Amino acid sequence: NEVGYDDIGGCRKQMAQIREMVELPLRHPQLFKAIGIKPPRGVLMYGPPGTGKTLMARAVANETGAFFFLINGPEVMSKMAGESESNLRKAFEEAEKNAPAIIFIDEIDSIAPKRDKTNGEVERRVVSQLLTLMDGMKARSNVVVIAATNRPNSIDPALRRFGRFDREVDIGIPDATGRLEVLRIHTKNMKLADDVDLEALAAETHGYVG
Amino acid sequence: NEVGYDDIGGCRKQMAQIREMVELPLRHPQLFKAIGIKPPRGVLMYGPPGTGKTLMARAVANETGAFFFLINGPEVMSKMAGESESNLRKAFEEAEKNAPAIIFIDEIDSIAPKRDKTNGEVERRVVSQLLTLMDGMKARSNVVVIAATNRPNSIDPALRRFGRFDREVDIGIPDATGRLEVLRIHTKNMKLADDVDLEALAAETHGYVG
Amino acid sequence: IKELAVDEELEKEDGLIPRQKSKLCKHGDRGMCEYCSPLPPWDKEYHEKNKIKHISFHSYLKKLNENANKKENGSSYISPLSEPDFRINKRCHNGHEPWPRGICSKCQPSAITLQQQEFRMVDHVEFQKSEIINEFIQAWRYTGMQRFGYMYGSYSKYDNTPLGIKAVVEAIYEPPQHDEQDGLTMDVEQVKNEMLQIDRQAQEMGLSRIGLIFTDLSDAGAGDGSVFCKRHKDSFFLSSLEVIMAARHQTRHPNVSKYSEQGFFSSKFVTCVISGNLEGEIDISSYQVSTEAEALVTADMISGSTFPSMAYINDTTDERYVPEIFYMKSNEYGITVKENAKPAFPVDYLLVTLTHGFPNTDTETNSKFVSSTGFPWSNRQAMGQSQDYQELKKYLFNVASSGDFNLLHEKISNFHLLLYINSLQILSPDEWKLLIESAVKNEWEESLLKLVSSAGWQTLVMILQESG
Ligand SMILES: Nc1ncnc2c1ncn2[C@@H]1O[C@H](COP(=O)(O)OP(=O)(O)OP(=O)(O)O)[C@@H](O)[C@H]1O
Ligand SMILES: Nc1ncnc2c1ncn2[C@@H]1O[C@H](COP(=O)(O)OP(=O)(O)OP(=O)(O)O)[C@@H](O)[C@H]1O
Ligand SMILES: [Zn+2]
Ligand SMILES: [Zn+2]
C-alpha cells in the first residue's frame with residue numbers, strides 16, 4: 001500500500017514548484033545546468049498543520065522513482081548527542097549510494113528556535129552539523145533535502161543562506177474547486193452515496209483543511 | 001518498655017474516638033458481614049507538635065495484641081529511590097500473614113508535601129509507589145494503617161480520598177485536668193517534696209503541651 | 001632512581017592514534033578540526049571498540065600527567081601516582097591526637113565504593129612453548145594431586161594493545177610442597193629459604209620471578225570427559241583463599257617507578273591458574289589483583305570465609321579500624337542502590353583479567369630454553385623424576401661418549417639442568433657464569449670449545465663415568 005501520483009486535491013497548481021527542483025538536475029544536466037550554476041538542494045515546506053506535507057513528500061518520490069527517507073524532528077534529537085549524530089551521518093551516506101534520494105526532515109522549529117530568550121546551548125550542536133553536511137555534495141549527488149515546519153518566521157535566519165535553504169514553498173488552504181478532489185478521493189472507497197453532489201456540501205466548508 | 005492506657009492522658013475523650021474506630025475491624029469483623037459496607041483502613045492524626053501522637057500509636061497496638069510494625073518518616077528519605085520502595089513493599093507483606101496487624105507510619109509530611117508549589121521529580125516518586133500499593137491491595141486481611149503529621153492540608157490532597165484516608169482525627173491540647181495527668185506519669189521516679197501541690201502546677205502553665 | 005629498560009621505552013613514545021579525513025570535516029585538507037585530530041591513547045571508547053577492556057596503564061600514566069602538568073605555572077612536579085591508603089594517620093594534624101580517644105573525617109577511611117579498576121599493569125601474558133607447561137600437567141597425571149610452581153621470565157613491548165607491556169615467561173620452578181586432593185598448603189619459611197638461592201642464578205641468566213601457577217582440575221571419569229567445570233559465571237572465578245597468596249606475592253615484589261613518591265608502585269605480577277574451559281578441555285586463564293583497594297587492605301583486613309566467591313570482614317581491635325564496604329546487586333523486584341551492611345563481600349570484583357596465548361611455531365624472535373623439557377625437575381619428589389647422578393648418565397652422558405657440538409650444546413641450555421650442576425659447585429663460579437651465558441646466548445660456538453678445553457668439564461665427565 002503506497003500513495004498514487006497526485007492523490008491530494010488543491011495542490012496541483014503549486015505542485016510543480018516542488019517537482020521542478022528534482023528532475024532538472026538529473027534529466028538534463030548537459031544543456032540546462034552545465035552553464036556553471038550549482039543545483040539548489042534545500043527547500044522549505046510549511047503552512048497550517050493539516051495541509052499534508054508529510055505525504056506531499058511521499059508523492060514526489062513515487063512520481064520520480066527516487067529513494068525515500070523519514071526523519072522526525074523531536075524523535076532523533078531526543079537521543080544522545082553521539083546517538084543523533086550517528087543516525088544523521090548514516091542517513092546521508094546511505095542517500096549518496098542510491099541517487100536520486102529524498103531526505104525528509106520535519107519540525108525544524110523544535111531543532112532550531114529563535115535566539116531572543118532561549119538560553120542554553122544544546123540546540124546549536126545539532127544544527128551546526130546539518131549545515132556542515134550540506135556542503136560537500138557538489139558534483140553529482142542528486143539529493144534534495146525537504147524541511148517541513150509550520151511557520152516560516154520561527155526558523156532561524158542562519159538557515160536561509162546560499163545553498164543551504166533557498167526554496168520556501170507554501171501549500172495553502174484549497175477553495176471549493178480545490179477541496180472537491182479531496183472529497184472525491186475519500187468517497188470512491190464508499191459503496192454507495194446519495195443523489196446530491198459533494199460540491200453543494202463543500203461550499204459551506206470553506207475554512208476546512210484537507 | 002511497652003506502654004498501655006495509663007501512660008497517656010489529656011486526650012481521653014479523643015482517644016475513645018480512635019478506640020472504637022480501630023478496634024472494630026480488628027476484633028469483630030462480623031459487623032462488616034451484617035451491614036455490608038467496607039470499614040475504613042486509613043486514619044490520620046494531626047495537631048501541634050509534642051502531643052505524643054507516636055506514643056498513642058504504640059499504646060493502641062500493644063493493648064490490642066496485634067502485630068505492630070513502625071515505619072518512621074526520615075528513615076525512608078535517608079535512602080535513595082531504589083531501596084526505599086523495596087523496604088515499603090516488605091512491610092506490607094509480613095503484616096498480611098500476621099492478620100490482624102497495624103502498620104503505623106509516621107511523618108507523612110516529609111514523604112508527601114504539597115506538590116503543586118514545587119513541581120519536581122521525587123515529589124511524585126515515593127507517593128505514587130505508595131498509592132498503587134495502598135489502593136491496590138485487596139485480601140480482606142483487615143489491617144489498619146495510621147498516619148501522623150502536624151498539619152492536615154500540608155500533605156498532597158489526593159491522599160484524602162475515599163478508601164485510602166477518610167477519617168481525620170485532631171489531637172488538641174489538654175485541659176487543666178488533662179495537663180495534670182501528664183506530669184503524674186513523668187514524676188513516678190522523681191522524688192518530689194511534700195510542699196509541691198499537684199493541682200497548682202496545672203493552672204500555672206496555660207498552653208503547655210505534654 | 002632508575003626504572004626498568006622496558007618501562008622507560010613505553011614512557012618516551014607518545015602512542016598517538018592517527019585518523020583520516022571524513023565527510024563530517026568542513027576544514028581544508030591541510031588541517032584538522034576535531035574528527036581527524038590525533039586520538040589520545042587513554043580514551044576508553046577506542047578500547048571497547050576493539051574489545052580491549054582496560055586502558056593500558058602507561059597510557060593511564062599519560063592521562064594523569066595532563067592533570068598534574070598543565071599550561072599554567074605550577075612549578076610543582078607532584079606526579080600523584082601513589083597507593084591510596086586506608087590506614088589511619090596517628091598524628092592526624094588536629095586535636096584528636098590519640099586514636100583511642102578521637103577520630104575525625106580527614107583521617108577516617110572513606111566508605112569503599114567498589115569501583116572496578118580500569119587499568120592493568122600487565123596487559124597480555126604470553127608463553128614460550130607448549131611443551132614447557134605440558135610437563136606441569138603431566139605431574140598431575142602421575143600422582144593425581146594438585147601442584148604448584150613459580151614462573152621466571154622477562155618483559156618486552158606489545159604492539160597490539162596501545163602502549164602496553166606483554167609478559168614473557170621462560171621456565172617454571174616448583175618449590176617443595178605437600179600435595180593434597182582437595183587443595184594445598186605449604187610452609188612459607190622453607191619456600192623463602194629455597195627461593196633465595198634461585199634468585200642468585202636468575203640474575204646472571206637474566207631471569208626474574210614474576211609469576212606463579214597452581215592447578216585445579218577435578219577429573220570427571222577419566223574416559224571421554226577431560227575435567228569438570230568448576231569455575232564458571234555462576235560460580236567463583238578465584239577463591240578467596242588464593243587471593244591472600246596472590247596479595248602477599250605482589251607486596252614482596254615491588255615495581256620501581258620514578259613517578260611515585262615512595263619509589264615503588266604498580267607491581268607487575270601475574271597469577272595464572274589451570275582450571276579448564278566450560279565444555280571439554282583444560283584451557284587455562286589468568287587474572288591479576290587490583291592495586292586500588294585490595295593491595296593495601298590485605299595487610300590488615302582480609303579474613304577467610306566459607307564461601308569461595310566472598311571473604312569475611314572481621315572486627316576492629318583498638319588499631320584495626322575498617323570502613324564499610326558497599327556494592328550494588330539486584331533484589332527480588334528490581335535493581336537497587338548499595339545494600340551491603342553485611343559481611344562476606346565478593347572478591348571477584350577486585351580482579352582484572354588478562355589475555356593468555358602461545359606464539360606461532362613457524363617463526364619467533366627466540367625461545368632461549370628449549371633443550372628437552374624432559375629432564376627430571378628439582379623438587380618433584382611426589383613423582384618419580386627426582387633422580388641422583390644416575391640420571392646424568394641417562395640424560396646427557398656427553399652423547400655416545402663422543403658428542404658433536406651441534407648436538408651437545410642443544411641439551412645444555414636447560415633451566416633445571418644448569419640449576420642442578422652448580423649446586424654441586426664442582427666448577428669455579430667464574431667458569432660457571434660463562435657456562436650459563438654460553439647456553440642462553442647466541443654465537444656460542446667459539447665459547448663452547450673454551451668449556452670443553454677447561455679442566456673443570458673434564459673432571460665432570462670423569463667423575464660421572466666411574467659412578468653409576
Ligand atoms: N490533497 C490533500 N490535501 C489535504 N489533505 C489531504 C490531501 N490528500 C489527503 N489528505 C489527508 O490529509 C492527511 C495528511 O496529513 P499529514 O499526514 O501531512 O499530517 P501533517 O501534520 O501535515 O504531517 P506533519 O506531521 O509532517 O506535519 C492524510 O491523512 C490524508 O487523509
Ligand atoms: N498521654 C500523653 N499525652 C500527651 N503527651 C504525652 C502523654 N504521655 C507522655 N507525653 C509526652 O509527650 C511526648 C510525646 O511526643 P511525641 O514523641 O509523640 O512527639 P510527636 O511530634 O507527637 O511525634 P512525631 O514526631 O511522630 O510527630 C513525650 O515526650 C512524653 O513525655
Ligand atoms: Zn577534522
Ligand atoms: Zn585526623
# chains A, B, ... in the order shown; residues from 1 in each chain; ligands from 1

call {"tool": "closest_atom_pairs", "arguments": {"of": "chain C", "to": "ligand 4", "cutoff": "10 Å", "atoms": "only C-alpha atoms and all ligand atoms", "output": "CSV"}}
result
residue,atom,partner,partner_atom_place_in_ligand_line,distance
C:88,CA,ligand 4,1 (Zn),8.1
C:89,CA,ligand 4,1 (Zn),6.9
C:90,CA,ligand 4,1 (Zn),7.6
C:91,CA,ligand 4,1 (Zn),7.3
C:92,CA,ligand 4,1 (Zn),3.6
C:93,CA,ligand 4,1 (Zn),5.9
C:94,CA,ligand 4,1 (Zn),5.9
C:95,CA,ligand 4,1 (Zn),8.2
C:96,CA,ligand 4,1 (Zn),6.8
C:97,CA,ligand 4,1 (Zn),7.9
C:98,CA,ligand 4,1 (Zn),9.6
C:99,CA,ligand 4,1 (Zn),8.8
C:102,CA,ligand 4,1 (Zn),8.4
C:103,CA,ligand 4,1 (Zn),5.9
C:104,CA,ligand 4,1 (Zn),5.0
C:105,CA,ligand 4,1 (Zn),6.4
C:106,CA,ligand 4,1 (Zn),4.9
C:107,CA,ligand 4,1 (Zn),3.9
C:108,CA,ligand 4,1 (Zn),6.8

call {"tool": "write_last_selection", "arguments": {"atoms": "N, CA and C atoms", "output": "compact mmCIF listing (two decimals), in the first residue's frame"}}
result
# COMPACT_ATOMS: atom_id res chain seq x y z
N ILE C 88 45.22 4.54 59.18
CA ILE C 88 44.85 5.74 59.92
C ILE C 88 46.12 6.44 60.37
N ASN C 89 46.26 7.71 59.97
CA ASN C 89 47.37 8.53 60.45
C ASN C 89 47.18 8.84 61.93
N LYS C 90 48.21 8.56 62.73
CA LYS C 90 48.09 8.70 64.17
C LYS C 90 48.20 10.15 64.61
N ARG C 91 49.02 10.94 63.91
CA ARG C 91 49.24 12.32 64.34
C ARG C 91 48.05 13.22 64.01
N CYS C 92 47.41 12.98 62.86
CA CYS C 92 46.07 13.43 62.45
C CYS C 92 45.92 14.93 62.22
N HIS C 93 46.96 15.72 62.54
CA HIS C 93 47.02 17.18 62.31
C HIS C 93 45.84 17.93 62.95
N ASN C 94 45.36 17.44 64.08
CA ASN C 94 44.22 18.06 64.75
C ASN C 94 44.34 17.79 66.25
N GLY C 95 43.26 18.06 66.99
CA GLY C 95 43.24 17.90 68.43
C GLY C 95 42.94 16.51 68.94
N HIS C 96 42.56 15.59 68.06
CA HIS C 96 42.32 14.20 68.45
C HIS C 96 43.58 13.36 68.23
N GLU C 97 44.60 13.69 69.01
CA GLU C 97 45.93 13.11 68.81
C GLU C 97 46.04 11.61 69.06
N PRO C 98 45.34 10.97 70.04
CA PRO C 98 45.29 9.50 70.00
C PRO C 98 44.06 8.98 69.27
N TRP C 99 44.20 7.84 68.59
CA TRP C 99 43.03 7.19 68.00
C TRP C 99 42.15 6.50 69.05
N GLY C 102 39.51 9.72 69.97
CA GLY C 102 39.27 10.70 68.92
C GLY C 102 39.61 10.28 67.50
N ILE C 103 38.67 10.54 66.58
CA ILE C 103 38.87 10.35 65.15
C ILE C 103 37.90 11.27 64.41
N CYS C 104 38.43 12.03 63.46
CA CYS C 104 37.63 12.93 62.64
C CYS C 104 37.68 12.48 61.18
N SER C 105 37.08 13.29 60.31
CA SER C 105 36.80 12.84 58.94
C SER C 105 38.03 12.93 58.04
N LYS C 106 39.03 13.75 58.39
CA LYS C 106 40.17 13.90 57.49
C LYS C 106 41.16 12.75 57.62
N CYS C 107 41.07 11.96 58.69
CA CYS C 107 41.90 10.78 58.86
C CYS C 107 41.10 9.49 58.80
N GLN C 108 39.78 9.57 58.82
CA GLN C 108 38.93 8.38 58.74
C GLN C 108 38.94 7.85 57.31

call {"tool": "calpha_fit_rmsd", "arguments": {"fixed": "chain A", "moving": "chain B"}}
result
1.6 Å

call {"tool": "select_by_dssp", "arguments": {"residues": "range 51-282 of chain C", "states": "strand (DSSP E or B)", "output": "number ranges by chain"}}
result
C: 112, 124-126, 148-158, 164-173, 179, 184, 208-215, 256, 264, 270-274

call {"tool": "residues_around", "arguments": {"residues": "residue 38 in chain B", "least_positions_apart": "5", "cutoff": "10 Å", "atoms": "only C-alpha atoms", "output": "PDB file with N, CA, C and O atoms, in the first residue's frame"}}
result
ATOM      1  N   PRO B  25     -12.745  -3.133  63.250  1.00  0.00           N
ATOM      2  CA  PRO B  25     -12.276  -4.035  62.182  1.00  0.00           C
ATOM      3  C   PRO B  25     -11.266  -5.070  62.650  1.00  0.00           C
ATOM      4  O   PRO B  25     -11.119  -6.108  61.994  1.00  0.00           O
ATOM      5  N   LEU B  31     -19.536  -7.431  62.047  1.00  0.00           N
ATOM      6  CA  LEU B  31     -20.374  -6.278  61.737  1.00  0.00           C
ATOM      7  C   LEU B  31     -20.240  -5.877  60.273  1.00  0.00           C
ATOM      8  O   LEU B  31     -21.150  -5.259  59.707  1.00  0.00           O
ATOM      9  N   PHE B  32     -19.108  -6.211  59.648  1.00  0.00           N
ATOM     10  CA  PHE B  32     -18.933  -5.957  58.220  1.00  0.00           C
ATOM     11  C   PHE B  32     -19.838  -6.860  57.391  1.00  0.00           C
ATOM     12  O   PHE B  32     -20.380  -6.443  56.360  1.00  0.00           O
ATOM     13  N   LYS B  33     -20.018  -8.106  57.834  1.00  0.00           N
ATOM     14  CA  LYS B  33     -20.883  -9.033  57.112  1.00  0.00           C
ATOM     15  C   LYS B  33     -22.354  -8.689  57.319  1.00  0.00           C
ATOM     16  O   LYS B  33     -23.191  -8.960  56.451  1.00  0.00           O
ATOM     17  N   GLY B 163     -11.555   5.470  50.580  1.00  0.00           N
ATOM     18  CA  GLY B 163     -10.875   4.197  50.504  1.00  0.00           C
ATOM     19  C   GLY B 163      -9.439   4.212  50.989  1.00  0.00           C
ATOM     20  O   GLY B 163      -8.924   3.166  51.399  1.00  0.00           O
TER      21      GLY B 163
END

call {"tool": "atom_distance", "arguments": {"atom1": "CA of residue 437 in chain C", "atom2": "CA of residue 213 in chain C"}}
result
27.0 Å

call {"tool": "interface_residues", "arguments": {"of": "chain C", "to": "chain A", "cutoff": "10 Å", "atoms": "only C-alpha atoms", "output": "number ranges by chain"}}
result
C: 23-27

call {"tool": "select_by_dssp", "arguments": {"residues": "range 12-70 of chain C", "states": "helix (DSSP H, G or I)", "output": "list in words"}}
result
residues 12, 44, 45, 46, 47, 48, 49, 57, 58, 59, 60, 61, 62, 63, 64, 65, 66, 67 and 68 of chain C

call {"tool": "atom_distance", "arguments": {"atom1": "CA of residue 185 in chain B", "atom2": "atom 9 (C, counted along the ligand's line) of ligand 2"}}
result
7.5 Å

call {"tool": "residues_near_ligand", "arguments": {"ligand": "ligand 2", "cutoff": "6 Å", "atoms": "only C-alpha atoms and all ligand atoms", "output": "number ranges by chain"}}
result
B: 7-10, 49-55, 106-107, 149, 182, 210

call {"tool": "write_last_selection", "arguments": {"atoms": "N, CA, C and O atoms", "output": "compact mmCIF listing (two decimals), in the first residue's frame"}}
result
# COMPACT_ATOMS: atom_id res chain seq x y z
N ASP B 7 -0.43 5.30 80.44
CA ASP B 7 0.78 6.07 80.15
C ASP B 7 0.50 7.33 79.33
O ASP B 7 1.42 8.13 79.15
N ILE B 8 -0.72 7.52 78.85
CA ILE B 8 -1.11 8.75 78.17
C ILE B 8 -2.23 9.41 78.97
O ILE B 8 -2.84 8.81 79.85
N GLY B 9 -2.49 10.68 78.66
CA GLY B 9 -3.52 11.42 79.34
C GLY B 9 -3.89 12.67 78.58
O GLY B 9 -3.25 13.03 77.59
N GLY B 10 -4.94 13.33 79.05
CA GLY B 10 -5.42 14.56 78.42
C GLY B 10 -6.40 14.40 77.29
O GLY B 10 -7.40 15.11 77.22
N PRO B 49 2.86 20.05 67.47
CA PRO B 49 3.91 19.08 67.78
C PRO B 49 4.09 18.90 69.28
O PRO B 49 3.75 19.78 70.09
N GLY B 50 4.62 17.74 69.65
CA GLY B 50 4.88 17.45 71.05
C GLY B 50 3.67 17.01 71.85
O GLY B 50 3.65 17.19 73.07
N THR B 51 2.66 16.44 71.19
CA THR B 51 1.46 15.97 71.87
C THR B 51 1.43 14.46 72.03
O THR B 51 0.40 13.91 72.41
N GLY B 52 2.54 13.78 71.74
CA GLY B 52 2.62 12.35 71.97
C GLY B 52 1.80 11.50 71.02
O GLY B 52 1.21 10.51 71.46
N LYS B 53 1.75 11.86 69.74
CA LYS B 53 0.99 11.06 68.78
C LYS B 53 1.71 9.75 68.47
O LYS B 53 1.06 8.75 68.14
N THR B 54 3.04 9.74 68.56
CA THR B 54 3.78 8.49 68.40
C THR B 54 3.62 7.59 69.62
O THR B 54 3.73 6.36 69.50
N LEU B 55 3.37 8.17 70.79
CA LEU B 55 3.15 7.37 71.99
C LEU B 55 1.76 6.73 71.97
O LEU B 55 1.57 5.63 72.52
N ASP B 106 4.76 7.14 60.20
CA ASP B 106 4.93 8.41 60.89
C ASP B 106 5.52 9.43 59.93
O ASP B 106 6.23 9.06 58.98
N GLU B 107 5.20 10.70 60.18
CA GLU B 107 5.76 11.87 59.49
C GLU B 107 5.52 11.81 57.97
O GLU B 107 6.46 11.74 57.17
N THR B 149 0.92 13.59 61.20
CA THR B 149 1.54 14.81 60.67
C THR B 149 1.25 15.95 61.64
O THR B 149 0.71 15.73 62.73
N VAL B 182 -0.44 14.40 82.85
CA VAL B 182 0.81 14.19 82.11
C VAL B 182 2.00 14.20 83.06
O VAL B 182 2.92 13.37 82.93
N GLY B 210 2.36 18.39 76.34
CA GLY B 210 2.98 17.39 77.19
C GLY B 210 4.48 17.28 77.04
O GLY B 210 5.17 16.83 77.96

call {"tool": "residues_near_ligand", "arguments": {"ligand": "ligand 3", "cutoff": "10 Å", "atoms": "only C-alpha atoms and all ligand atoms", "output": "ChimeraX atom specification"}}
result
/C:19-38

call {"tool": "write_last_selection", "arguments": {"atoms": "N, CA and C atoms", "output": "mmCIF file, in the first residue's frame"}}
result
data_model
loop_
_atom_site.group_PDB
_atom_site.id
_atom_site.type_symbol
_atom_site.label_atom_id
_atom_site.label_comp_id
_atom_site.auth_asym_id
_atom_site.auth_seq_id
_atom_site.Cartn_x
_atom_site.Cartn_y
_atom_site.Cartn_z
ATOM 1 N N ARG C 19 44.112 9.366 12.488
ATOM 2 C CA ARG C 19 42.804 9.271 11.859
ATOM 3 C C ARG C 19 42.866 9.916 10.480
ATOM 4 N N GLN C 20 41.863 9.620 9.663
ATOM 5 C CA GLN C 20 41.803 10.073 8.280
ATOM 6 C C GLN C 20 40.699 11.114 8.125
ATOM 7 N N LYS C 21 40.649 11.723 6.942
ATOM 8 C CA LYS C 21 39.627 12.712 6.637
ATOM 9 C C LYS C 21 38.262 12.043 6.492
ATOM 10 N N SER C 22 37.213 12.830 6.712
ATOM 11 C CA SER C 22 35.858 12.305 6.749
ATOM 12 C C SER C 22 34.905 13.262 6.052
ATOM 13 N N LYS C 23 33.667 12.796 5.865
ATOM 14 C CA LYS C 23 32.619 13.639 5.300
ATOM 15 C C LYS C 23 32.202 14.730 6.279
ATOM 16 N N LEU C 24 32.305 14.456 7.581
ATOM 17 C CA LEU C 24 31.896 15.411 8.605
ATOM 18 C C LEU C 24 32.871 16.576 8.750
ATOM 19 N N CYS C 25 34.080 16.460 8.207
ATOM 20 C CA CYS C 25 35.061 17.533 8.295
ATOM 21 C C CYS C 25 34.724 18.644 7.308
ATOM 22 N N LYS C 26 34.675 19.880 7.806
ATOM 23 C CA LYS C 26 34.428 21.048 6.972
ATOM 24 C C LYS C 26 35.681 21.871 6.716
ATOM 25 N N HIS C 27 36.796 21.537 7.362
ATOM 26 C CA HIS C 27 38.032 22.279 7.190
ATOM 27 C C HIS C 27 38.718 21.892 5.880
ATOM 28 N N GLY C 28 39.864 22.519 5.635
ATOM 29 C CA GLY C 28 40.653 22.196 4.466
ATOM 30 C C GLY C 28 41.433 20.906 4.635
ATOM 31 N N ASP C 29 42.187 20.567 3.587
ATOM 32 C CA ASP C 29 42.990 19.350 3.617
ATOM 33 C C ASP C 29 44.210 19.499 4.516
ATOM 34 N N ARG C 30 44.722 20.718 4.670
ATOM 35 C CA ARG C 30 45.903 20.966 5.498
ATOM 36 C C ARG C 30 45.490 21.408 6.904
ATOM 37 N N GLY C 31 44.776 20.524 7.591
ATOM 38 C CA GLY C 31 44.330 20.837 8.932
ATOM 39 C C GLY C 31 43.524 19.701 9.529
ATOM 40 N N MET C 32 42.968 19.981 10.707
ATOM 41 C CA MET C 32 42.163 19.029 11.458
ATOM 42 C C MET C 32 41.314 19.803 12.455
ATOM 43 N N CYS C 33 40.004 19.547 12.459
ATOM 44 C CA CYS C 33 39.163 20.285 13.391
ATOM 45 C C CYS C 33 38.913 19.511 14.681
ATOM 46 N N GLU C 34 38.144 18.424 14.609
ATOM 47 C CA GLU C 34 38.027 17.514 15.742
ATOM 48 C C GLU C 34 37.949 16.059 15.297
ATOM 49 N N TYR C 35 37.522 15.829 14.055
ATOM 50 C CA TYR C 35 37.190 14.484 13.602
ATOM 51 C C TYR C 35 38.374 13.742 12.998
ATOM 52 N N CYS C 36 39.442 14.445 12.626
ATOM 53 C CA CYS C 36 40.679 13.802 12.201
ATOM 54 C C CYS C 36 41.865 14.273 13.037
ATOM 55 N N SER C 37 41.600 14.780 14.240
ATOM 56 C CA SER C 37 42.652 15.079 15.195
ATOM 57 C C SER C 37 43.261 13.776 15.720
ATOM 58 N N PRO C 38 44.516 13.805 16.181
ATOM 59 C CA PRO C 38 45.113 12.592 16.757
ATOM 60 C C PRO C 38 44.442 12.190 18.064
#

call {"tool": "residues_around", "arguments": {"residues": "range 170-172 of chain B", "least_positions_apart": "2", "cutoff": "7 Å", "atoms": "only C-alpha atoms", "output": "number ranges by chain"}}
result
B: 45-47, 168, 174

call {"tool": "atom_distance", "arguments": {"atom1": "CA of residue 117 in chain C", "atom2": "CA of residue 337 in chain C"}}
result
20.0 Å

call {"tool": "residues_around", "arguments": {"residues": "residue 146 in chain C", "least_positions_apart": "6", "cutoff": "7 Å", "atoms": "only C-alpha atoms", "output": "list in words"}}
result
residues 140, 179, 180, 181, 183, 215 and 216 of chain C

call {"tool": "residues_around", "arguments": {"residues": "range 407-416 of chain C", "least_positions_apart": "4", "cutoff": "10 Å", "atoms": "only C-alpha atoms", "output": "NGL selection string"}}
result
:C and (170-173 or 202 or 205 or 368-378 or 395-399 or 402-403 or 420-421 or 435-441 or 444-445 or 448)

call {"tool": "write_last_selection", "arguments": {"atoms": "C-alpha atoms", "output": "mmCIF file, in the first residue's frame"}}
result
data_model
loop_
_atom_site.group_PDB
_atom_site.id
_atom_site.type_symbol
_atom_site.label_atom_id
_atom_site.label_comp_id
_atom_site.auth_asym_id
_atom_site.auth_seq_id
_atom_site.Cartn_x
_atom_site.Cartn_y
_atom_site.Cartn_z
ATOM 1 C CA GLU C 170 60.839 -18.781 30.115
ATOM 2 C CA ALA C 171 60.895 -21.535 32.753
ATOM 3 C CA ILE C 172 58.871 -22.795 35.713
ATOM 4 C CA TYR C 173 60.382 -23.717 39.085
ATOM 5 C CA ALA C 202 68.439 -15.891 37.856
ATOM 6 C CA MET C 205 70.862 -15.746 33.376
ATOM 7 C CA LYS C 368 66.168 -19.498 24.600
ATOM 8 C CA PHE C 369 65.253 -22.530 26.743
ATOM 9 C CA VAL C 370 64.013 -25.396 24.522
ATOM 10 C CA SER C 371 66.525 -28.154 25.229
ATOM 11 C CA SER C 372 64.470 -31.246 26.043
ATOM 12 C CA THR C 373 61.883 -30.225 28.671
ATOM 13 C CA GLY C 374 62.106 -33.854 29.819
ATOM 14 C CA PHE C 375 64.821 -33.581 32.446
ATOM 15 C CA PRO C 376 63.753 -34.534 35.992
ATOM 16 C CA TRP C 377 62.821 -31.374 37.866
ATOM 17 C CA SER C 378 64.441 -30.317 41.122
ATOM 18 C CA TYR C 395 70.247 -37.577 30.147
ATOM 19 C CA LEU C 396 73.365 -36.048 28.574
ATOM 20 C CA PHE C 397 76.315 -38.522 29.000
ATOM 21 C CA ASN C 398 78.397 -36.400 26.511
ATOM 22 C CA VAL C 399 76.324 -38.276 23.980
ATOM 23 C CA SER C 402 81.903 -38.621 21.901
ATOM 24 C CA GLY C 403 79.428 -35.829 21.217
ATOM 25 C CA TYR C 420 71.388 -28.897 39.317
ATOM 26 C CA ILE C 421 75.044 -28.630 38.263
ATOM 27 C CA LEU C 435 78.870 -21.708 31.087
ATOM 28 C CA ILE C 436 75.300 -20.496 31.624
ATOM 29 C CA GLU C 437 75.880 -17.433 29.426
ATOM 30 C CA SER C 438 77.060 -19.668 26.582
ATOM 31 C CA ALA C 439 73.912 -21.794 26.792
ATOM 32 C CA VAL C 440 71.462 -18.883 26.862
ATOM 33 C CA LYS C 441 73.044 -16.518 24.305
ATOM 34 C CA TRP C 444 78.027 -19.960 21.294
ATOM 35 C CA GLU C 445 80.404 -21.994 19.109
ATOM 36 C CA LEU C 448 81.644 -23.878 23.859
#

call {"tool": "residues_around", "arguments": {"residues": "range 260-267 of chain C", "least_positions_apart": "5", "cutoff": "12 Å", "atoms": "only C-alpha atoms", "output": "ChimeraX atom specification"}}
result
/C:1-4,7,57-58,60-61,77-84,119-122,210-211,246-255,288-292,295-296
